[PDB]
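This report refers to the structure that appears directly beneath it.
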Amino acid sequence: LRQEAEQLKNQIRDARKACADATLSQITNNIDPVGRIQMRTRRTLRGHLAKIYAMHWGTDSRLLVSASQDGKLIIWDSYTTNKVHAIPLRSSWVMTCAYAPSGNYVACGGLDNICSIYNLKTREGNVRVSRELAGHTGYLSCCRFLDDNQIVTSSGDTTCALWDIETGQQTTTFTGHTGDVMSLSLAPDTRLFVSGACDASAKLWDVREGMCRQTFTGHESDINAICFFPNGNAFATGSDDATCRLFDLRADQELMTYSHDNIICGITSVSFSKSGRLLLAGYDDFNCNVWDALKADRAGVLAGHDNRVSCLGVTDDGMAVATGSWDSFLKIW
Amino acid sequence: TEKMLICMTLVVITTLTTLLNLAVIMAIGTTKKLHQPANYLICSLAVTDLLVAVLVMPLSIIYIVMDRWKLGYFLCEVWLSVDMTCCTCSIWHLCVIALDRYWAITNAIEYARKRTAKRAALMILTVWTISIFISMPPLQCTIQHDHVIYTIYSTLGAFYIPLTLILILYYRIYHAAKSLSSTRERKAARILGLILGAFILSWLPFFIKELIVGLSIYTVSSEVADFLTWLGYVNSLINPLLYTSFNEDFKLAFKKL
Amino acid sequence: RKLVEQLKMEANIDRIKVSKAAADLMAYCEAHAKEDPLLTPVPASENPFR
Amino acid sequence: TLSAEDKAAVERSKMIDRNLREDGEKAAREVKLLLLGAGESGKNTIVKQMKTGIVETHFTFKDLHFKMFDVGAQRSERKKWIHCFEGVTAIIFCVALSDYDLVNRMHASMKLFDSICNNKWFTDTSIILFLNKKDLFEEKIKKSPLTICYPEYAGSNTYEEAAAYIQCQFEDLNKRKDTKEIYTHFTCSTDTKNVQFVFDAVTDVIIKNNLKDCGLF
Amino acid sequence: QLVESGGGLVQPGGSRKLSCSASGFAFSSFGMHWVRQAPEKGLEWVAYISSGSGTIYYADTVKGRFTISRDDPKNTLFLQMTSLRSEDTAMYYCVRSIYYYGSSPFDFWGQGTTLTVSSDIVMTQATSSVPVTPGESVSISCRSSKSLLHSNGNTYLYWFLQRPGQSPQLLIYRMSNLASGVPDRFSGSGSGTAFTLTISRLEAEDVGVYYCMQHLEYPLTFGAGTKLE
Ligand SMILES: CN1CCC(c2c[nH]c3ccc(O)cc23)CC1
């Protein structure tokens, strides 16, 4: 049954090439560049005493949650820098953290195979472990909320799972990835999500039934970052090959590649502005860069972090961008 | 010609001292990795060096270039007191830094709990207290050795017993390091010897001639006295390099700036 | 074993031209640029971060 | 400026900051140890003697609180999560001597040691190597010579010489000899002395870190 | 759950100890307020102690006369009372509050205990009585002498409903957010200085006294109280 795999892959590539009548590079040539997008560090969130690997912005564009190796989640009031909540973690090894769209729940996890959900609206005040999503056989890489009751998870098992917090058990398991899944991205409509894995491939999945809609390839190394375009018809990915690639779901292939000779290191996080014109991705060597989603030019540099920019997030309204880093500090730009 | 050459040499020395001290303090403050009790003691020593360089050295060159100093009848006493206080404070900062290093290397486990900003602050305040203790008794114009007992006690408590503590602590540190290729041990021994030799060649001759003049053993010439005074002053310039250049964290902090 | 069936199912999806998708993306970008504070520095009066 | 509730929120933030600082100060004195080895290297036995995913084992010895990370259950890609342990004071490595002729787990253990010790994240991290289950090595070697797996081995197939050669080959894999040190030891099923050796290694690592801070190392 | 103890008849100028045992919640992380209600008059703020006793405030009528302390290990709130005046007679309510973005201060009120003795913003509720019937819509108007719209945009106003023979319960906080467990019938809106409470499809349990409270700056003040029957 594997003899026809190469033939089908060749047919898919031929169809993609036939439908590739033009490229975004020649289509956006006449569009004026966004210019130098200068951003200042409006806020400097301090209080973390260990390497920070994940963060998530709130739907209100004010509250954000960050995770560090100190085994605790800190809810930051970005407008005033106040720490809304401090949530000790039973496991000090946390690699991902998510903030519920309604804000009533916060989830995180990591080397522990549980994407523990924390209830911020607890009656007793102190934040408790509402549920533990056990069942994964590998380190958790990312679990993003869908609603108060549904949440997706990605881990090192090479598979993603959909969980119901009330039930506490998997309801839809996503399989097909050969490499470890490192990131997740939820579409604006919440109907589809794309997960990047270490096999240099990004796959589109359906939450309702778990079927893989599409498979994306082109990266030369492991994929560590993924984020949807605001319209939901495209998404960008960041891999260890130091080049960010933009994929359109309908086109089912790469559209633009963002890379520079100066950058010779992998990508850690990727995000899009509200309009999606500006592509912001975290990079090694302790600085971040902004790429024009259309012109692919380096719009600007978000420098100031003393360590790797592990995570990057943009407010739903696009008012500000908060970048986490291993120096235990989050800076809002 | 000679006066101008001395002027430029002393001016460049003091300017380099104060710029290096300012760089050290800003690097320590800006970098979070440099927020440790040992780094706090190093920063205290650096600020003491900056204070002695920006309060004493200007008047030092002013007096050296033109001998007849008349800036103020009472100002001379204040200048002498502050110079003595700052020099003793720097010497005791070196002593307490050596003591902290010895405790960390030997009592690496027990001393870990006591290694806190509170302990560094207590050390700094007690160093300042000892300096003012030695400097209050006195409270062309220069300190006169009219009391043999006072000068003997001050020189004993300012450089000689802190020198003995420095030597003992560094010998113990070297013994622990060698007990614990040989290129690394050679480098450690070279660093310790360089620090000890710098401190000795900078301060010891000045206190030797201070004892000589105080005891009336010999009449030290003014030129030699000033030369040894500046040889002791350059200890402030030397200390930041010795106590920061050899630390990888300080290397990164300086490279960042 | 399931990989062949998964690839067969994936290959049967609808296909689109790059030109129209890129045009739609550019239209969305230009339409939402006015509503992008990052692209256009918002005045400090309306900026919650200062 | 701040209202009554805003002042209360700032006070709550200050209390959270104080709690965070206290927790960080407590964790700074805590010793972080990473446990690695083959599947049957005996790391589980080691942690049991001292005391699905990562397992944290906490124990105390001579005023030092030690927390060990058993990452043997992590079958995922190593470089995607190994970097999290960059701050570990030392890395404990478990190797089963008896598995020299068991099918070639010694080869896999040596590859693991090469990958971990030479990793960019562990350039300055010391490795506390452990040779587990020599009570089986001393007997099996009598019947099965060590030359079966490694023809390069020379000399009599004695337990002492074989152990010395295996140790030497282990530290031969270290490409950062001038930057890190390997503290090899044999378990011998001696809980007290094994924990004493671990404590001595931790103390030595802390002393070298202090010397590095002083520029002597 | 909050229970108050240490009441009873006292002589004028005497001293008594009030204990407010706290259970069912993290008392350490919750700020505590003391509110005293006379047998017929409205609520009156007494004192406030923040979490960890880092900040303590008292009303002008009791400043320098009443002291408030906390003991986290025992989960009990203490209020040492000395030099009790004749007017001090009132039912003291132990109020729970937590202050952070999106929080609901004064959400939970204790049952309260009755004690008998032998510049600030003032809320106006001239509409003391407004008869209502089930299924009818009624509006309660509250006015303040100072604008409660802070520079940050938060209108620090609170609505409390007290049923006959029951302690007050938080109804609306910040004039726009409904506290947990409050039916969606109640709504809150108003201008910087004009405030009003809207009740839709009023039903039997809505009967009670509605109090308008301001939290812009201490001391806290409560309205006269609108009685619905
Ligand atoms: C430039 N300064 C260098 C140090 C010197 C001094 C410090 N302490 C003393 C005690 C006794 C004494 O005779 C002299 C000194 C005063 C001059």
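Chains: A, B, ... in order of the structure tokens. Residues: from 1 per chain. Ligands: from 1, in order shown.
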What residues in chain D lie within 6 Å of chain B, counting only C-alpha atoms, written as a count of residues only? 4
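For ligand 1, the neighbouring protein, DNA and RNA residues, which are those within 7 Å when only C-alpha atoms and all ligand atoms are counted, are residues 83, 84, 87, 88, 151, 154, 155, 158, 207, 210, 229, 232 and 233 of chain B.
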Which residues are near residue B:231? Cut-off 9 Å, only C-alpha atoms, ignore same chain within fewer than 3 positions. Put them as a JSON list (two decimals) with N, CA and C atoms, in the first residue's frame.
[["chain", "number", "residue", "atom", "x", "y", "z"],
["B", 201, "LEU", "N", 51.82, 46.05, 46.82],
["B", 201, "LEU", "CA", 52.61, 47.08, 46.16],
["B", 201, "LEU", "C", 51.88, 48.41, 46.11],
["B", 202, "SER", "N", 50.55, 48.41, 46.25],
["B", 202, "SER", "CA", 49.82, 49.67, 46.25],
["B", 202, "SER", "C", 49.77, 50.33, 47.62],
["B", 203, "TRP", "N", 49.51, 49.56, 48.68],
["B", 203, "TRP", "CA", 49.26, 50.14, 50.00],
["B", 203, "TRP", "C", 50.44, 50.04, 50.96],
["B", 205, "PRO", "N", 53.81, 50.18, 51.00],
["B", 205, "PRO", "CA", 54.85, 51.21, 51.13],
["B", 205, "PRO", "C", 54.36, 52.48, 51.80],
["B", 206, "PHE", "N", 53.12, 52.89, 51.52],
["B", 206, "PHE", "CA", 52.59, 54.10, 52.13],
["B", 206, "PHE", "C", 52.49, 53.95, 53.64],
["B", 226, "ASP", "N", 54.07, 61.96, 48.52],
["B", 226, "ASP", "CA", 53.01, 62.11, 47.53],
["B", 226, "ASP", "C", 53.01, 60.95, 46.54],
["B", 227, "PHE", "N", 54.19, 60.49, 46.13],
["B", 227, "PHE", "CA", 54.26, 59.36, 45.21],
["B", 227, "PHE", "C", 53.63, 58.12, 45.82],
["B", 228, "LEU", "N", 53.93, 57.84, 47.09],
["B", 228, "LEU", "CA", 53.32, 56.68, 47.74],
["B", 228, "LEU", "C", 51.83, 56.90, 48.00],
["B", 234, "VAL", "N", 45.87, 54.57, 43.50],
["B", 234, "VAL", "CA", 45.62, 53.75, 42.32],
["B", 234, "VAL", "C", 45.06, 52.38, 42.67],
["B", 235, "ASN", "N", 45.05, 52.01, 43.96],
["B", 235, "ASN", "CA", 44.36, 50.80, 44.37],
["B", 235, "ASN", "C", 42.88, 50.88, 44.01]]
With only C-alpha atoms counted and 7 Å as the cut-off, give the residues of chain D in contact with chain E, each with its shortest interatomic distance in Å and the pair that gives it, as JSON lines.
{"residue": "D:3", "atom": "CA", "partner": "E:216", "partner_atom": "CA", "distance": 5.6}
{"residue": "D:4", "atom": "CA", "partner": "E:217", "partner_atom": "CA", "distance": 4.8}
{"residue": "D:5", "atom": "CA", "partner": "E:99", "partner_atom": "CA", "distance": 5.9}
{"residue": "D:8", "atom": "CA", "partner": "E:99", "partner_atom": "CA", "distance": 5.6}
{"residue": "D:9", "atom": "CA", "partner": "E:100", "partner_atom": "CA", "distance": 4.9}
Can you write just those residues out, N, CA and C atoms, as a PDB file, in the first residue's frame?
ATOM      1  N   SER D   3      -7.412  54.695  42.995  1.00  0.00           N
ATOM      2  CA  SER D   3      -8.616  54.704  43.809  1.00  0.00           C
ATOM      3  C   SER D   3      -8.448  53.762  45.000  1.00  0.00           C
ATOM      4  N   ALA D   4      -9.511  53.635  45.797  1.00  0.00           N
ATOM      5  CA  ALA D   4      -9.451  52.766  46.967  1.00  0.00           C
ATOM      6  C   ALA D   4      -9.208  51.316  46.568  1.00  0.00           C
ATOM      7  N   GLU D   5      -9.925  50.832  45.553  1.00  0.00           N
ATOM      8  CA  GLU D   5      -9.730  49.456  45.106  1.00  0.00           C
ATOM      9  C   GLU D   5      -8.392  49.292  44.397  1.00  0.00           C
ATOM     10  N   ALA D   8      -5.869  48.764  46.953  1.00  0.00           N
ATOM     11  CA  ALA D   8      -5.974  47.398  47.456  1.00  0.00           C
ATOM     12  C   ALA D   8      -5.406  46.399  46.455  1.00  0.00           C
ATOM     13  N   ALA D   9      -5.652  46.621  45.161  1.00  0.00           N
ATOM     14  CA  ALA D   9      -5.076  45.747  44.144  1.00  0.00           C
ATOM     15  C   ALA D   9      -3.555  45.823  44.154  1.00  0.00           C
TER      16      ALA D   9
END
Please tabulate, as a tab-separated table, the residues of chain A that come within 9 Å of chain C, each with its closest pair of atoms and the distance in Å to one decimal, counting only C-alpha atoms and ordering rows by chain, then residue number upward.
residue	atom	partner	partner_atom	distance
A:1	CA	C:4	CA	6.8
A:2	CA	C:4	CA	6.8
A:4	CA	C:4	CA	8.0
A:5	CA	C:4	CA	6.3
A:8	CA	C:8	CA	7.6
A:9	CA	C:7	CA	8.3
A:11	CA	C:11	CA	8.7
A:12	CA	C:11	CA	6.6
A:15	CA	C:15	CA	8.2
A:16	CA	C:15	CA	8.0
A:18	CA	C:17	CA	8.6
A:19	CA	C:17	CA	4.8
A:20	CA	C:18	CA	5.4
A:21	CA	C:18	CA	6.3
A:22	CA	C:19	CA	5.7
A:23	CA	C:18	CA	6.7
A:24	CA	C:22	CA	6.0
A:27	CA	C:22	CA	7.3
A:28	CA	C:26	CA	7.7
A:31	CA	C:26	CA	9.0
A:34	CA	C:39	CA	7.2
A:37	CA	C:39	CA	6.8
A:38	CA	C:41	CA	8.6
A:39	CA	C:38	CA	8.1
A:42	CA	C:50	CA	5.5
A:43	CA	C:49	CA	7.2
A:78	CA	C:49	CA	8.0
A:79	CA	C:49	CA	6.1
A:80	CA	C:49	CA	8.5
A:176	CA	C:3	CA	7.3
A:211	CA	C:6	CA	8.4
A:212	CA	C:10	CA	7.2
A:213	CA	C:10	CA	6.0
A:214	CA	C:10	CA	5.7
A:215	CA	C:10	CA	7.6
A:230	CA	C:28	CA	8.9
A:231	CA	C:28	CA	7.3
A:233	CA	C:25	CA	8.3
A:234	CA	C:25	CA	8.5
A:248	CA	C:21	CA	7.7
A:250	CA	C:16	CA	6.1
A:251	CA	C:16	CA	5.4
A:252	CA	C:15	CA	7.8
A:255	CA	C:18	CA	7.9
A:273	CA	C:36	CA	7.0
A:274	CA	C:36	CA	5.7
A:275	CA	C:32	CA	4.7
A:276	CA	C:29	CA	6.2
A:277	CA	C:29	CA	5.4
A:278	CA	C:39	CA	7.1
A:293	CA	C:29	CA	8.8
A:294	CA	C:26	CA	7.2
A:317	CA	C:36	CA	7.7
A:318	CA	C:37	CA	5.9
A:319	CA	C:37	CA	5.3
A:320	CA	C:38	CA	6.8
A:321	CA	C:38	CA	8.2
A:332	CA	C:49	CA	8.4
A:333	CA	C:49	CA	8.6
Selection file, C-alpha atoms, as a PDB file, in the first residue's frame:
ATOM      1  CA  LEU A   1       0.000   0.000   0.000  1.00  0.00           C
ATOM      2  CA  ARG A   2       3.066   2.228   0.375  1.00  0.00           C
ATOM      3  CA  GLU A   4       1.351   4.418  -4.389  1.00  0.00           C
ATOM      4  CA  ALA A   5       2.248   6.945  -1.673  1.00  0.00           C
ATOM      5  CA  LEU A   8      -0.011  10.342  -4.900  1.00  0.00           C
ATOM      6  CA  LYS A   9       2.498  12.797  -3.419  1.00  0.00           C
ATOM      7  CA  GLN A  11       0.208  14.093  -8.126  1.00  0.00           C
ATOM      8  CA  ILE A  12      -0.475  16.466  -5.222  1.00  0.00           C
ATOM      9  CA  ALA A  15      -1.657  19.925  -8.825  1.00  0.00           C
ATOM     10  CA  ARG A  16      -0.189  22.483  -6.419  1.00  0.00           C
ATOM     11  CA  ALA A  18      -0.466  23.912 -11.668  1.00  0.00           C
ATOM     12  CA  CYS A  19      -2.586  26.000  -9.289  1.00  0.00           C
ATOM     13  CA  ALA A  20       0.476  28.127  -8.399  1.00  0.00           C
ATOM     14  CA  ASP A  21      -0.158  30.563 -11.235  1.00  0.00           C
ATOM     15  CA  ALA A  22       1.472  33.364  -9.222  1.00  0.00           C
ATOM     16  CA  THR A  23       3.299  34.036  -5.960  1.00  0.00           C
ATOM     17  CA  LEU A  24       2.628  36.561  -3.211  1.00  0.00           C
ATOM     18  CA  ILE A  27       1.474  40.234  -6.187  1.00  0.00           C
ATOM     19  CA  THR A  28       2.469  42.524  -3.294  1.00  0.00           C
ATOM     20  CA  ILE A  31       1.925  47.615  -2.328  1.00  0.00           C
ATOM     21  CA  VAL A  34       4.664  49.386   6.184  1.00  0.00           C
ATOM     22  CA  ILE A  37       7.489  49.741  12.772  1.00  0.00           C
ATOM     23  CA  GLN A  38       9.083  51.133  15.932  1.00  0.00           C
ATOM     24  CA  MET A  39       7.800  49.839  19.274  1.00  0.00           C
ATOM     25  CA  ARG A  42       5.572  50.239  27.438  1.00  0.00           C
ATOM     26  CA  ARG A  43       5.519  47.795  30.370  1.00  0.00           C
ATOM     27  CA  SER A  78      -0.960  44.633  31.757  1.00  0.00           C
ATOM     28  CA  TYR A  79      -2.600  48.053  32.107  1.00  0.00           C
ATOM     29  CA  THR A  80      -1.178  48.478  35.629  1.00  0.00           C
ATOM     30  CA  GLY A 176      -1.031  11.326  11.927  1.00  0.00           C
ATOM     31  CA  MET A 211      -9.993  14.213  10.366  1.00  0.00           C
ATOM     32  CA  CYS A 212      -6.846  15.846   8.989  1.00  0.00           C
ATOM     33  CA  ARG A 213      -8.054  18.337   6.384  1.00  0.00           C
ATOM     34  CA  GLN A 214      -4.632  19.189   4.938  1.00  0.00           C
ATOM     35  CA  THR A 215      -0.908  18.575   5.351  1.00  0.00           C
ATOM     36  CA  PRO A 230      -6.745  36.970  11.554  1.00  0.00           C
ATOM     37  CA  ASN A 231      -9.037  36.125   8.625  1.00  0.00           C
ATOM     38  CA  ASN A 233      -7.724  31.468   5.813  1.00  0.00           C
ATOM     39  CA  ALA A 234      -3.950  31.320   6.388  1.00  0.00           C
ATOM     40  CA  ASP A 248      -2.902  29.400   3.139  1.00  0.00           C
ATOM     41  CA  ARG A 250      -7.327  27.041   0.685  1.00  0.00           C
ATOM     42  CA  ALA A 251      -4.105  27.053  -1.349  1.00  0.00           C
ATOM     43  CA  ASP A 252      -2.733  24.155   0.741  1.00  0.00           C
ATOM     44  CA  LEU A 255       2.815  31.537   0.055  1.00  0.00           C
ATOM     45  CA  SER A 273      -1.357  41.478  14.406  1.00  0.00           C
ATOM     46  CA  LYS A 274      -5.084  42.206  14.378  1.00  0.00           C
ATOM     47  CA  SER A 275      -4.986  43.044  10.663  1.00  0.00           C
ATOM     48  CA  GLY A 276      -2.388  40.341   9.983  1.00  0.00           C
ATOM     49  CA  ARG A 277      -0.182  42.680   7.944  1.00  0.00           C
ATOM     50  CA  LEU A 278       2.614  42.496  10.539  1.00  0.00           C
ATOM     51  CA  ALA A 293       3.047  39.539   6.015  1.00  0.00           C
ATOM     52  CA  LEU A 294       2.746  40.867   2.438  1.00  0.00           C
ATOM     53  CA  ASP A 317      -7.583  44.134  19.597  1.00  0.00           C
ATOM     54  CA  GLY A 318      -3.935  44.500  18.562  1.00  0.00           C
ATOM     55  CA  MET A 319      -3.351  47.312  21.049  1.00  0.00           C
ATOM     56  CA  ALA A 320      -0.033  45.890  22.270  1.00  0.00           C
ATOM     57  CA  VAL A 321       2.283  42.891  21.947  1.00  0.00           C
ATOM     58  CA  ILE A 332       4.664  44.744  26.417  1.00  0.00           C
ATOM     59  CA  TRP A 333       5.284  46.646  23.185  1.00  0.00           C
TER      60      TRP A 333
END
Find the residue from B:31, B:7, B:68, B:135 that sits nearest to chain A; use only C-alpha atoms when measuring.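 Checking each candidate against chain A, we get B:31 as the closest.
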If you count only C-alpha atoms, which residues fall within 8 Å of residue D:130, apart from same-chain ones fewer than 6 positions away, as a PDB file with N, CA, C and O atoms, in the first residue's frame?
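Result went into result_19.pdb, see below:
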ATOM      1  N   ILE D  92      22.657  13.409  37.189  1.00  0.00           N
ATOM      2  CA  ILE D  92      22.944  12.061  37.664  1.00  0.00           C
ATOM      3  C   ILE D  92      22.698  11.088  36.519  1.00  0.00           C
ATOM      4  O   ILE D  92      21.609  11.063  35.937  1.00  0.00           O
ATOM      5  N   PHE D  93      23.711  10.290  36.196  1.00  0.00           N
ATOM      6  CA  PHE D  93      23.649   9.329  35.104  1.00  0.00           C
ATOM      7  C   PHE D  93      23.738   7.918  35.669  1.00  0.00           C
ATOM      8  O   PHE D  93      24.637   7.618  36.461  1.00  0.00           O
ATOM      9  N   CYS D  94      22.808   7.060  35.260  1.00  0.00           N
ATOM     10  CA  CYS D  94      22.757   5.674  35.704  1.00  0.00           C
ATOM     11  C   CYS D  94      23.061   4.757  34.529  1.00  0.00           C
ATOM     12  O   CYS D  94      22.442   4.877  33.466  1.00  0.00           O
ATOM     13  N   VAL D  95      24.015   3.849  34.721  1.00  0.00           N
ATOM     14  CA  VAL D  95      24.412   2.884  33.703  1.00  0.00           C
ATOM     15  C   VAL D  95      24.476   1.508  34.351  1.00  0.00           C
ATOM     16  O   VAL D  95      25.041   1.356  35.440  1.00  0.00           O
ATOM     17  N   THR D 184      32.230   9.870  38.770  1.00  0.00           N
ATOM     18  CA  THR D 184      31.803   8.489  38.595  1.00  0.00           C
ATOM     19  C   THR D 184      31.873   7.735  39.915  1.00  0.00           C
ATOM     20  O   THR D 184      32.785   7.943  40.720  1.00  0.00           O
ATOM     21  N   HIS D 185      30.899   6.855  40.134  1.00  0.00           N
ATOM     22  CA  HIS D 185      30.839   6.065  41.355  1.00  0.00           C
ATOM     23  C   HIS D 185      30.016   4.815  41.083  1.00  0.00           C
ATOM     24  O   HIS D 185      29.247   4.753  40.121  1.00  0.00           O
ATOM     25  N   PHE D 186      30.191   3.818  41.946  1.00  0.00           N
ATOM     26  CA  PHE D 186      29.474   2.554  41.858  1.00  0.00           C
ATOM     27  C   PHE D 186      28.427   2.494  42.961  1.00  0.00           C
ATOM     28  O   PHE D 186      28.722   2.808  44.120  1.00  0.00           O
ATOM     29  N   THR D 187      27.207   2.092  42.598  1.00  0.00           N
ATOM     30  CA  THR D 187      26.106   2.114  43.556  1.00  0.00           C
ATOM     31  C   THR D 187      26.382   1.187  44.735  1.00  0.00           C
ATOM     32  O   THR D 187      26.299   1.601  45.896  1.00  0.00           O
TER      33      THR D 187
END
Considering only C-alpha atoms, return as a list in words whatever protein or nucleic-acid residues lie within 10 Å of residue D:96, sequence-local ones (same chain, fewer than 2 positions apart) excluded. residues 37, 38, 39, 40, 41, 42, 43, 94, 98, 99, 100, 105, 106, 109, 130, 131, 132, 133, 134, 136 and 137 of chain D
Write out, as a PDB file, in the first residue's frame, the residues just selected, with C-alpha atoms.
ATOM      1  CA  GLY D  37      20.090   6.600  31.847  1.00  0.00           C
ATOM      2  CA  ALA D  38      18.947   3.544  29.965  1.00  0.00           C
ATOM      3  CA  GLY D  39      15.506   2.042  30.458  1.00  0.00           C
ATOM      4  CA  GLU D  40      16.895  -0.742  32.667  1.00  0.00           C
ATOM      5  CA  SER D  41      19.876   1.218  34.015  1.00  0.00           C
ATOM      6  CA  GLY D  42      18.488   1.003  37.560  1.00  0.00           C
ATOM      7  CA  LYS D  43      17.533   4.665  37.975  1.00  0.00           C
ATOM      8  CA  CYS D  94      22.757   5.674  35.704  1.00  0.00           C
ATOM      9  CA  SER D  98      25.542  -6.077  33.756  1.00  0.00           C
ATOM     10  CA  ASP D  99      24.039  -5.001  30.406  1.00  0.00           C
ATOM     11  CA  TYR D 100      27.401  -5.023  28.600  1.00  0.00           C
ATOM     12  CA  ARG D 105      22.403  -1.455  25.881  1.00  0.00           C
ATOM     13  CA  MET D 106      25.859  -0.198  26.878  1.00  0.00           C
ATOM     14  CA  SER D 109      23.959   4.341  27.294  1.00  0.00           C
ATOM     15  CA  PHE D 130      26.697   5.990  38.493  1.00  0.00           C
ATOM     16  CA  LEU D 131      27.681   2.435  37.530  1.00  0.00           C
ATOM     17  CA  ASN D 132      24.693   0.372  38.628  1.00  0.00           C
ATOM     18  CA  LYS D 133      24.592  -3.347  39.408  1.00  0.00           C
ATOM     19  CA  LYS D 134      28.260  -4.271  39.627  1.00  0.00           C
ATOM     20  CA  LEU D 136      26.172  -8.818  38.465  1.00  0.00           C
ATOM     21  CA  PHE D 137      29.199  -7.475  36.575  1.00  0.00           C
TER      22      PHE D 137
END
Just need the residues of chain A within 7 Å of chain D, counting only C-alpha atoms, so spit them out as an NGL selection string. :A and (47 or 49 or 82-84 or 86 or 111-113 or 137-139 or 156-157 or 180)
Mind checking which residues fall within 7 Å of residue E:155, counting only C-alpha atoms, ignoring those fewer than 5 positions away in the same chain, and posting them as a compact mmCIF listing (two decimals) with C-alpha atoms, in the first residue's frame?
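Result saved to selection_16.txt:
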# COMPACT_ATOMS: atom_id res chain seq x y z
CA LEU E 148 -17.55 58.14 40.82
CA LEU E 149 -16.16 57.74 37.27
CA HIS E 150 -12.45 57.33 37.98
CA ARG E 174 -18.95 48.74 39.55
CA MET E 175 -22.43 49.68 38.28
Please report as CSV every residue of stretch 126-213 of chain B lying within 12 Å of stretch 46-64 of chain B, along with the nearest atom pair and their distance in Å (one decimal), using only C-alpha atoms.
residue,atom,partner,partner_atom,distance
B:127,CA,B:48,CA,11.1
B:128,CA,B:48,CA,10.0
B:131,CA,B:48,CA,11.8
B:140,CA,B:63,CA,7.7
B:141,CA,B:63,CA,9.5
B:142,CA,B:63,CA,10.5
Just N, CA, C and O atoms for this one: save the residues we selected as an mmCIF file, in the first residue's frame.
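Written out: out_20.cif:
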data_model
loop_
_atom_site.group_PDB
_atom_site.id
_atom_site.type_symbol
_atom_site.label_atom_id
_atom_site.label_comp_id
_atom_site.auth_asym_id
_atom_site.auth_seq_id
_atom_site.Cartn_x
_atom_site.Cartn_y
_atom_site.Cartn_z
ATOM 1 N N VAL B 127 31.700 47.888 58.185
ATOM 2 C CA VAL B 127 32.928 48.418 57.597
ATOM 3 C C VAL B 127 32.956 49.936 57.724
ATOM 4 O O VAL B 127 33.967 50.531 58.124
ATOM 5 N N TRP B 128 31.839 50.586 57.389
ATOM 6 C CA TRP B 128 31.766 52.038 57.521
ATOM 7 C C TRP B 128 31.928 52.460 58.977
ATOM 8 O O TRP B 128 32.574 53.473 59.273
ATOM 9 N N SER B 131 35.544 52.295 59.885
ATOM 10 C CA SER B 131 36.262 53.399 59.258
ATOM 11 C C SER B 131 36.052 54.700 60.027
ATOM 12 O O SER B 131 37.008 55.428 60.318
ATOM 13 N N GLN B 140 49.387 73.100 52.242
ATOM 14 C CA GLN B 140 50.412 72.466 53.062
ATOM 15 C C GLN B 140 49.799 71.801 54.291
ATOM 16 O O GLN B 140 50.433 70.967 54.937
ATOM 17 N N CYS B 141 48.562 72.174 54.610
ATOM 18 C CA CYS B 141 47.877 71.601 55.762
ATOM 19 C C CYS B 141 47.715 70.097 55.583
ATOM 20 O O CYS B 141 47.083 69.640 54.625
ATOM 21 N N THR B 142 48.289 69.330 56.507
ATOM 22 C CA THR B 142 48.220 67.878 56.454
ATOM 23 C C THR B 142 48.152 67.334 57.873
ATOM 24 O O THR B 142 48.494 68.021 58.840
#
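In this model, the gap between atom CA of residue B:238 and atom CA of residue B:198 comes to 7.7 Å.
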DSSP helix (DSSP H, G or I) residues within stretch 58-216 of chain E, as number ranges by chain: E: 72-74, 86-88, 204-206
Exercise: residue B:122 partners within 12 Å, only C-alpha atoms, chain neighbours under 4 positions left out, as a list in words: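 Counting only the stated atoms, we get residues 37, 40, 41, 44, 93, 96, 114, 115, 116, 117, 118, 126, 127, 128 and 129 of chain B.
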For chain A versus chain E, which residues have an atom no more than 9 Å away, and what is each residue's nearest atom pair and distance in Å rounded to one decimal, using only C-alpha atoms, chain-then-number order, as CSV?
residue,atom,partner,partner_atom,distance
A:63,CA,E:101,CA,8.6
A:77,CA,E:101,CA,7.3
A:82,CA,E:100,CA,8.4
A:83,CA,E:100,CA,8.4
A:84,CA,E:100,CA,5.7
A:85,CA,E:100,CA,8.3
A:121,CA,E:103,CA,8.8
A:123,CA,E:25,CA,7.3
A:124,CA,E:25,CA,4.0
A:125,CA,E:26,CA,6.1
A:126,CA,E:26,CA,6.2
Determine, using only C-alpha atoms, which residues of chain B have any atom at most 10 Å from an atom of chain A, and tabulate each with its shortest atom pair and distance in Å to one decimal place, rows ordered by chain and then rising number, as a tab-separated table.
residue	atom	partner	partner_atom	distance
B:31	CA	A:306	CA	9.1
B:32	CA	A:327	CA	9.0
B:33	CA	A:327	CA	9.5
B:256	CA	A:306	CA	9.3
